[PDB]
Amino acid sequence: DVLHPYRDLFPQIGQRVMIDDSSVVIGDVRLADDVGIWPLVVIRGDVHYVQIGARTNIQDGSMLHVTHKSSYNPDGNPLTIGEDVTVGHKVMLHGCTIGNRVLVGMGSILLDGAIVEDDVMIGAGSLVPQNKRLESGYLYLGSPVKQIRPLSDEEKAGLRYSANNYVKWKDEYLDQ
């Protein structure tokens, strides 16, 4: 179906979690409560784990992976996502770390080692370089991304609103 194993590892699911039947979730993947996985999304936590916080939405066509533990990269790079996170359509997340209340614009690519602090907004089609740290409360855009400006109080609030909205849209589908 949608949940697949890798070695002895199997996805750990929370409450009210949605995972479209057209998506694929493999290995050590943890989905906290109210997480919604939309259509044609792939989350492969095989060579390392993928942890996703509560009320976080992974939108249509997104792709999530990690990097294996190697010689110069003994720790490898697992994928960690906080709560109230909005991951846009066709986003590419790879071995990075995302705090809480963050919005990753559709079409963006976040590479290994990148760290996105809380209350951050990333413009669509952006590219976040490896080991790039995004300072909290700002808006970044571009390929490679550049810090554009602080977020308005409205925009910060929008981060929470965005997540909630998706939690709701998620529930409407579970209700069908």
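Don't overthink the numbering: it's just position in the shown sequence, from 1.
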| remark: When mean C-alpha B-factors in the record are compared for 72-80 and 99-107, the larger belongs to 72-80
| task | Between 18-26 and 150-158, name whichever shows the higher mean Cα B factor according to the PDB entry. | result | 150-158
| remark: Among 135, 112, 60, 119, highest Cα B-factor in the entry goes to 135
| task | Report the third (lowest, middle or highest) to which the CA temperature factor of residue 40 belongs, ranking only the modelled residues of the same chain. | result | lowest
| query | Which third of the chain does residue 54 land in by C-alpha B-factor: lowest, middle or highest? | reply | middle
| query | Considering only modelled residues of the same chain, in which third does the CA B-factor of residue 145 rank: lowest, middle or highest? | reply | middle
| field | Third of chain Cα B-factors occupied by residue 31 | value | middle
| task | Determine, from the deposited record, the chain-internal third of the Cα B-factor for residue 66: lowest, middle or highest. | result | middle
